[PDB]
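Engineer: So here's protein-v4.json, just JSON, C-alpha atoms and all ligand atoms:
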[["chain", "number", "residue", "atom", "x", "y", "z"],
["H", 25, "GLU", "CA", 5.57, -13.93, -18.14],
["H", 26, "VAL", "CA", 3.37, -11.33, -16.16],
["H", 27, "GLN", "CA", 4.55, -7.68, -15.71],
["H", 28, "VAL", "CA", 2.86, -6.36, -12.57],
["H", 29, "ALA", "CA", 2.80, -2.81, -11.23],
["H", 30, "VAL", "CA", 2.61, -3.14, -7.44],
["H", 31, "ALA", "CA", 1.84, -0.40, -4.94],
["H", 32, "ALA", "CA", 4.77, -0.10, -2.55],
["H", 33, "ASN", "CA", 2.77, -1.20, 0.52],
["H", 34, "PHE", "CA", 2.42, -4.58, -1.21],
["H", 35, "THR", "CA", 6.13, -5.00, -1.99],
["H", 36, "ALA", "CA", 6.98, -7.76, 0.49],
["H", 37, "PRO", "CA", 3.58, -9.51, 0.05],
["H", 38, "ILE", "CA", 3.98, -9.85, -3.71],
["H", 39, "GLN", "CA", 7.63, -11.00, -3.43],
["H", 40, "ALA", "CA", 6.22, -13.85, -1.26],
["H", 41, "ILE", "CA", 3.18, -14.56, -3.51],
["H", 42, "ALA", "CA", 5.57, -14.50, -6.54],
["H", 43, "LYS", "CA", 7.59, -17.40, -5.14],
["H", 44, "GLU", "CA", 4.57, -19.67, -4.68],
["H", 45, "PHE", "CA", 2.99, -18.40, -7.91],
["H", 46, "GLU", "CA", 6.06, -19.33, -9.99],
["H", 47, "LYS", "CA", 6.32, -22.81, -8.45],
["H", 48, "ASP", "CA", 2.58, -23.45, -8.64],
["H", 49, "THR", "CA", 1.77, -22.13, -12.12],
["H", 50, "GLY", "CA", 5.18, -21.89, -13.80],
["H", 51, "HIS", "CA", 4.68, -18.25, -14.84],
["H", 52, "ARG", "CA", 7.27, -15.72, -13.55],
["H", 53, "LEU", "CA", 5.93, -12.57, -11.78],
["H", 54, "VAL", "CA", 8.06, -9.54, -12.67],
["H", 55, "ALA", "CA", 7.12, -6.70, -10.35],
["H", 56, "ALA", "CA", 7.84, -2.99, -10.28],
["H", 57, "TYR", "CA", 7.22, -1.10, -7.05],
["H", 58, "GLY", "CA", 6.16, 2.46, -6.37],
["H", 59, "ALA", "CA", 3.34, 4.83, -5.61],
["H", 60, "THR", "CA", -0.09, 4.05, -7.05],
["H", 61, "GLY", "CA", -0.19, 7.53, -8.62],
["H", 62, "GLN", "CA", 3.17, 7.08, -10.34],
["H", 63, "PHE", "CA", 1.93, 3.87, -11.98],
["H", 64, "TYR", "CA", -1.16, 5.71, -13.21],
["H", 65, "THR", "CA", 1.17, 7.97, -15.19],
["H", 66, "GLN", "CA", 3.44, 5.19, -16.46],
["H", 67, "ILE", "CA", 0.45, 3.11, -17.57],
["H", 68, "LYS", "CA", -1.04, 6.13, -19.33],
["H", 69, "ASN", "CA", 2.31, 6.55, -21.11],
["H", 70, "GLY", "CA", 2.65, 3.02, -22.47],
["H", 71, "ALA", "CA", 4.47, 1.07, -19.72],
["H", 72, "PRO", "CA", 4.43, -2.69, -20.46],
["H", 73, "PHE", "CA", 2.56, -3.66, -17.27],
["H", 74, "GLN", "CA", -0.18, -6.25, -17.71],
["H", 75, "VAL", "CA", -1.59, -6.33, -14.16],
["H", 76, "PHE", "CA", -1.86, -3.41, -11.74],
["H", 77, "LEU", "CA", -2.14, -3.87, -7.96],
["H", 78, "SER", "CA", -3.26, -0.50, -6.61],
["H", 79, "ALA", "CA", -3.31, 0.74, -3.03],
["H", 80, "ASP", "CA", -6.78, 2.21, -3.71],
["H", 81, "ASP", "CA", -9.88, 1.49, -5.77],
["H", 82, "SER", "CA", -10.35, 4.89, -7.43],
["H", 83, "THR", "CA", -7.16, 4.75, -9.55],
["H", 84, "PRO", "CA", -8.10, 1.47, -11.30],
["H", 85, "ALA", "CA", -11.60, 2.91, -11.74],
["H", 86, "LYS", "CA", -10.10, 6.07, -13.23],
["H", 87, "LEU", "CA", -7.97, 4.04, -15.64],
["H", 88, "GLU", "CA", -11.04, 2.09, -16.78],
["H", 89, "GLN", "CA", -12.97, 5.29, -17.55],
["H", 90, "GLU", "CA", -10.01, 6.28, -19.74],
["H", 91, "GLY", "CA", -9.92, 2.94, -21.56],
["H", 92, "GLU", "CA", -6.75, 1.43, -20.08],
["H", 93, "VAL", "CA", -8.47, -1.49, -18.32],
["H", 94, "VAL", "CA", -10.15, -4.73, -19.37],
["H", 95, "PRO", "CA", -13.84, -4.30, -18.38],
["H", 96, "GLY", "CA", -14.86, -6.97, -15.79],
["H", 97, "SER", "CA", -11.28, -7.10, -14.48],
["H", 98, "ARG", "CA", -11.44, -4.95, -11.30],
["H", 99, "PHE", "CA", -11.50, -6.74, -7.90],
["H", 100, "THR", "CA", -10.46, -6.02, -4.32],
["H", 101, "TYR", "CA", -7.41, -8.11, -3.39],
["H", 102, "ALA", "CA", -6.62, -6.61, 0.03],
["H", 103, "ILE", "CA", -7.78, -4.05, 2.59],
["H", 104, "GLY", "CA", -4.94, -2.34, 4.43],
["H", 105, "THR", "CA", -4.52, -0.65, 7.80],
["H", 106, "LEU", "CA", -2.65, 2.52, 8.75],
["H", 107, "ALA", "CA", -0.37, 2.60, 11.79],
["H", 108, "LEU", "CA", 1.55, 5.34, 13.55],
["H", 109, "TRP", "CA", 4.97, 3.85, 14.16],
["H", 110, "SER", "CA", 8.46, 4.34, 15.51],
["H", 111, "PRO", "CA", 11.29, 1.82, 15.96],
["H", 112, "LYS", "CA", 11.68, 3.25, 19.48],
["H", 113, "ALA", "CA", 9.49, 1.08, 21.78],
["H", 114, "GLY", "CA", 8.68, 3.90, 24.26],
["H", 115, "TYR", "CA", 7.91, 6.64, 21.67],
["H", 116, "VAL", "CA", 4.46, 5.93, 20.11],
["H", 117, "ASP", "CA", 2.02, 5.19, 22.92],
["H", 118, "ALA", "CA", -0.80, 2.68, 22.58],
["H", 119, "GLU", "CA", -3.43, 5.42, 22.14],
["H", 120, "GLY", "CA", -1.61, 7.80, 19.78],
["H", 121, "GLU", "CA", -1.35, 10.53, 22.43],
["H", 122, "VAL", "CA", 2.09, 11.46, 20.88],
["H", 123, "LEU", "CA", 0.29, 13.16, 17.99],
["H", 124, "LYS", "CA", -1.26, 15.58, 20.56],
["H", 125, "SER", "CA", 1.53, 15.71, 23.18],
["H", 126, "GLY", "CA", 4.74, 14.96, 21.29],
["H", 127, "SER", "CA", 7.70, 17.24, 20.68],
["H", 128, "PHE", "CA", 8.81, 15.66, 17.40],
["H", 129, "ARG", "CA", 9.88, 17.89, 14.52],
["H", 130, "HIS", "CA", 9.28, 15.45, 11.64],
["H", 131, "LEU", "CA", 6.20, 13.32, 10.94],
["H", 132, "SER", "CA", 6.69, 10.97, 7.99],
["H", 133, "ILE", "CA", 3.88, 10.32, 5.51],
["H", 134, "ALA", "CA", 3.75, 9.12, 1.93],
["H", 135, "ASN", "CA", 3.01, 11.76, -0.70],
["H", 136, "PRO", "CA", -0.79, 12.03, -0.45],
["H", 137, "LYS", "CA", -1.10, 13.16, -4.07],
["H", 138, "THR", "CA", 0.29, 9.82, -5.30],
["H", 139, "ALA", "CA", 0.20, 7.40, -2.34],
["H", 140, "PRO", "CA", -3.16, 6.18, -1.00],
["H", 141, "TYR", "CA", -1.50, 5.42, 2.35],
["H", 142, "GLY", "CA", -0.41, 9.05, 2.51],
["H", 143, "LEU", "CA", -3.95, 10.15, 1.66],
["H", 144, "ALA", "CA", -5.24, 7.98, 4.51],
["H", 145, "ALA", "CA", -2.73, 9.74, 6.77],
["H", 146, "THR", "CA", -3.94, 13.22, 5.79],
["H", 147, "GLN", "CA", -7.57, 12.16, 6.16],
["H", 148, "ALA", "CA", -6.83, 10.88, 9.68],
["H", 149, "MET", "CA", -4.98, 14.01, 10.80],
["H", 150, "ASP", "CA", -7.86, 16.12, 9.35],
["H", 151, "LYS", "CA", -10.57, 14.04, 11.19],
["H", 152, "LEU", "CA", -8.45, 14.19, 14.38],
["H", 153, "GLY", "CA", -8.53, 17.98, 14.11],
["H", 154, "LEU", "CA", -4.72, 18.10, 14.02],
["H", 155, "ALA", "CA", -4.06, 19.07, 10.40],
["H", 156, "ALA", "CA", -3.10, 22.66, 11.17],
["H", 157, "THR", "CA", -0.65, 21.77, 13.94],
["H", 158, "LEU", "CA", 0.93, 18.68, 12.34],
["H", 159, "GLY", "CA", 1.09, 20.02, 8.78],
["H", 160, "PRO", "CA", 4.27, 22.07, 9.24],
["H", 161, "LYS", "CA", 5.97, 18.96, 10.69],
["H", 162, "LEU", "CA", 5.25, 16.67, 7.73],
["H", 163, "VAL", "CA", 7.96, 15.04, 5.62],
["H", 164, "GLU", "CA", 6.67, 13.32, 2.47],
["H", 165, "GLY", "CA", 8.13, 10.17, 0.95],
["H", 166, "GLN", "CA", 7.64, 9.35, -2.72],
["H", 167, "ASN", "CA", 5.70, 6.23, -1.65],
["H", 168, "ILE", "CA", 4.82, 4.41, 1.55],
["H", 169, "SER", "CA", 8.12, 2.49, 1.38],
["H", 170, "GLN", "CA", 10.14, 5.73, 1.44],
["H", 171, "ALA", "CA", 7.92, 7.16, 4.19],
["H", 172, "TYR", "CA", 8.64, 4.04, 6.26],
["H", 173, "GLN", "CA", 12.36, 4.21, 5.52],
["H", 174, "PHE", "CA", 12.51, 7.82, 6.74],
["H", 175, "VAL", "CA", 11.42, 6.54, 10.16],
["H", 176, "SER", "CA", 13.54, 3.37, 10.09],
["H", 177, "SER", "CA", 16.65, 5.42, 9.19],
["H", 178, "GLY", "CA", 16.03, 8.12, 11.79],
["H", 179, "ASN", "CA", 15.24, 10.93, 9.35],
["H", 180, "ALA", "CA", 11.89, 11.32, 11.17],
["H", 181, "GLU", "CA", 10.86, 10.52, 14.74],
["H", 182, "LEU", "CA", 7.70, 8.68, 13.70],
["H", 183, "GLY", "CA", 5.46, 8.20, 10.70],
["H", 184, "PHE", "CA", 2.19, 6.91, 9.32],
["H", 185, "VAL", "CA", 3.14, 3.58, 7.74],
["H", 186, "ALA", "CA", 1.34, 0.61, 6.21],
["H", 187, "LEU", "CA", 0.57, -2.11, 8.74],
["H", 188, "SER", "CA", 2.09, -4.59, 6.26],
["H", 189, "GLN", "CA", 5.50, -3.04, 6.99],
["H", 190, "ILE", "CA", 5.54, -3.82, 10.73],
["H", 191, "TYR", "CA", 3.15, -6.79, 11.11],
["H", 192, "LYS", "CA", 4.01, -10.48, 11.26],
["H", 193, "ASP", "CA", 2.25, -13.49, 12.81],
["H", 194, "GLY", "CA", -0.84, -11.58, 13.85],
["H", 195, "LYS", "CA", 1.07, -8.82, 15.64],
["H", 196, "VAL", "CA", 3.04, -5.63, 15.30],
["H", 197, "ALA", "CA", 6.51, -7.14, 15.62],
["H", 198, "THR", "CA", 8.85, -4.18, 16.02],
["H", 199, "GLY", "CA", 9.00, -0.76, 17.62],
["H", 200, "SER", "CA", 5.88, 0.93, 18.96],
["H", 201, "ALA", "CA", 2.63, 1.46, 17.09],
["H", 202, "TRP", "CA", -0.87, 2.91, 17.28],
["H", 203, "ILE", "CA", -3.39, 1.33, 14.92],
["H", 204, "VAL", "CA", -5.28, 4.21, 13.30],
["H", 205, "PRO", "CA", -9.01, 3.44, 13.76],
["H", 206, "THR", "CA", -10.81, 3.31, 10.45],
["H", 207, "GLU", "CA", -13.38, 5.98, 11.24],
["H", 208, "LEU", "CA", -10.61, 8.55, 10.77],
["H", 209, "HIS", "CA", -10.10, 7.79, 7.06],
["H", 210, "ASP", "CA", -11.63, 6.09, 4.05],
["H", 211, "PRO", "CA", -11.11, 2.29, 4.22],
["H", 212, "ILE", "CA", -7.91, 1.37, 2.38],
["H", 213, "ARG", "CA", -9.57, -0.87, -0.20],
["H", 214, "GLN", "CA", -6.83, -2.06, -2.59],
["H", 215, "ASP", "CA", -8.09, -3.13, -6.02],
["H", 216, "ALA", "CA", -6.39, -5.10, -8.78],
["H", 217, "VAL", "CA", -7.07, -4.88, -12.50],
["H", 218, "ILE", "CA", -5.96, -6.42, -15.77],
["H", 219, "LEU", "CA", -4.54, -3.77, -18.09],
["H", 220, "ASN", "CA", -5.03, -3.61, -21.85],
["H", 221, "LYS", "CA", -1.70, -5.32, -22.50],
["H", 222, "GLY", "CA", -2.80, -8.16, -20.19],
["H", 223, "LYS", "CA", -6.05, -9.00, -22.08],
["H", 224, "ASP", "CA", -5.93, -12.65, -23.40],
["H", 225, "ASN", "CA", -2.53, -13.19, -21.57],
["H", 226, "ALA", "CA", -2.29, -16.55, -19.80],
["H", 227, "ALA", "CA", 0.03, -15.38, -17.02],
["H", 228, "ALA", "CA", -2.18, -12.36, -16.28],
["H", 229, "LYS", "CA", -5.30, -14.52, -15.96],
["H", 230, "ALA", "CA", -3.46, -17.09, -13.83],
["H", 231, "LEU", "CA", -2.28, -14.33, -11.48],
["H", 232, "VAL", "CA", -5.67, -12.79, -10.74],
["H", 233, "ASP", "CA", -7.19, -16.24, -10.23],
["H", 234, "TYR", "CA", -4.24, -17.04, -7.94],
["H", 235, "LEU", "CA", -4.65, -13.81, -5.95],
["H", 236, "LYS", "CA", -8.20, -15.00, -5.19],
["H", 237, "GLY", "CA", -6.85, -18.42, -4.18],
["H", 238, "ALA", "CA", -6.14, -20.19, -0.92],
["H", 239, "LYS", "CA", -2.31, -19.87, -0.81],
["H", 240, "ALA", "CA", -2.51, -16.13, -1.72],
["H", 241, "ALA", "CA", -5.30, -15.42, 0.76],
["H", 242, "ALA", "CA", -3.31, -16.90, 3.66],
["H", 243, "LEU", "CA", -0.18, -14.90, 2.83],
["H", 244, "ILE", "CA", -2.14, -11.66, 2.39],
["H", 245, "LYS", "CA", -3.73, -11.94, 5.84],
["H", 246, "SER", "CA", -0.36, -12.87, 7.36],
["H", 247, "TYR", "CA", 0.72, -9.28, 6.59],
["H", 248, "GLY", "CA", -2.31, -7.74, 8.29],
["H", 249, "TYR", "CA", -4.64, -7.19, 5.35],
["H", 250, "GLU", "CA", -8.36, -8.14, 5.60],
["H", 251, "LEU", "CA", -10.11, -9.83, 2.56],
["H", 301, "LIG", "N", -10.61, 13.60, 6.09],
["H", 302, "LIG", "N", -16.53, 3.27, 10.91]]
Please re-express this file's structure in structure tokens.

Structural biologist:
Amino acid sequence: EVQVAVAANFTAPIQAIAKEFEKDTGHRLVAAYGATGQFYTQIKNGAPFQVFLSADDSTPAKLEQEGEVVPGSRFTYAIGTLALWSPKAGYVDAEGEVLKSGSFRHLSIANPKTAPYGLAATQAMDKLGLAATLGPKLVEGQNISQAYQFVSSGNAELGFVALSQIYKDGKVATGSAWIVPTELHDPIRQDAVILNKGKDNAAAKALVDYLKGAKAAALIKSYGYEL
């Protein structure tokens, strides 16, 4: 009974939370996935979403200034991490020296105009002093899921991906990765919000309470997010 717009980094997490949420509360979570920025437009245009799980905090804040949000509704549900990643175990070294030494032609990022995880990537390359040399090599996905898939499918040698896409059981579980240290970019604070069409909706209220709950908190951290 709850239409949720879900930033692509949070695709697998919400599919998992949706299964326990349905069983526990009886309300069905119907999720659309995509870039935070694309949902900003859809919401502005009348999309039926009732809850919005952003990959940032500024987009929910922007929507509230423009009257699309229930005041009092904004909270942080997860804090993400950026990783440089390749499915090839020898390719991305433990310190990220490939960004400086590598011979790759394609570096995958999510569209930084719509994807907070892409913005974190361009902040990190900028603070590394590598924006001018890596810029020509960039290939932009429409969201962090597409950016990841470019690397997984071999359309780019490596990419800046969401930790949630490669992390299981407290560990990067596949390929080779460098965890981007936070000082290189703004913390990836991911905020949730009840939208106008979710005001006074029982499933919407149940969901945000659930996201703050014990079963949701354990799943969220199992994908590498901090709370
Ligand atoms: N930056
Ligand atoms: N820091």

Engineer: How would you report the residues lying within 10 Å of ligand LIG 302 (chain H), as a list in words, if you count only C-alpha atoms and all ligand atoms?

Structural biologist: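 Final answer, ordered by chain and number: residues 205, 206, 207, 208, 209, 210 and 211 of chain H.
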
Engineer: Write the residues you've just listed into a file as a CSV table (one decimal), keeping the file's coordinate frame, and include C-alpha atoms for each of them.

Structural biologist:
chain,number,residue,atom,x,y,z
H,205,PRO,CA,-9.0,3.4,13.8
H,206,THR,CA,-10.8,3.3,10.4
H,207,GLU,CA,-13.4,6.0,11.2
H,208,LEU,CA,-10.6,8.6,10.8
H,209,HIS,CA,-10.1,7.8,7.1
H,210,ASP,CA,-11.6,6.1,4.0
H,211,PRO,CA,-11.1,2.3,4.2

Engineer: Restrict the calculation to only C-alpha atoms and all ligand atoms, then for each residue of chain H with any atom at most 10 Å from an atom of ligand LIG 301 (chain H) give the closest atom pair and their distance in Å to one decimal, rows by chain and rising residue number, as CSV.

Structural biologist:
residue,atom,partner,partner_atom,distance
H:143,CA,H:LIG301,N,8.7
H:144,CA,H:LIG301,N,7.9
H:145,CA,H:LIG301,N,8.8
H:146,CA,H:LIG301,N,6.7
H:147,CA,H:LIG301,N,3.4
H:148,CA,H:LIG301,N,5.9
H:149,CA,H:LIG301,N,7.4
H:150,CA,H:LIG301,N,5.0
H:151,CA,H:LIG301,N,5.1
H:152,CA,H:LIG301,N,8.6
H:153,CA,H:LIG301,N,9.4
H:155,CA,H:LIG301,N,9.6
H:207,CA,H:LIG301,N,9.6
H:208,CA,H:LIG301,N,6.9
H:209,CA,H:LIG301,N,5.9
H:210,CA,H:LIG301,N,7.8

Engineer: Just checking: using all atoms listed in the file, which residue out of H:56, H:93, H:168, H:182 ends up closest to residue 217 (chain H)?

Structural biologist: H:93

Engineer: Tell me, in Å to one decimal, how far CA of residue 79 (chain H) is from CA of residue 181 (chain H).

Structural biologist: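 Value for the CA of residue 79 (chain H)-CA of residue 181 (chain H) distance: 24.7 Å.
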
Engineer: For residue 109 (chain H), find every residue with an atom within 6 Å (counting only C-alpha atoms), except residues of its own chain fewer than 2 positions away, and show them as a list in words.

Structural biologist: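 That gives residues 107, 182, 183, 200 and 201 of chain H.
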
Engineer: Could you dump the residues just selected with C-alpha atoms as a PDB file, in the frame of the given file?

Structural biologist:
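File produced: selection27.pdb:
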ATOM      1  CA  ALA H 107      -0.370   2.600  11.790  1.00  0.00           C
ATOM      2  CA  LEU H 182       7.700   8.680  13.700  1.00  0.00           C
ATOM      3  CA  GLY H 183       5.460   8.200  10.700  1.00  0.00           C
ATOM      4  CA  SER H 200       5.880   0.930  18.960  1.00  0.00           C
ATOM      5  CA  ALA H 201       2.630   1.460  17.090  1.00  0.00           C
TER       6      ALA H 201
END
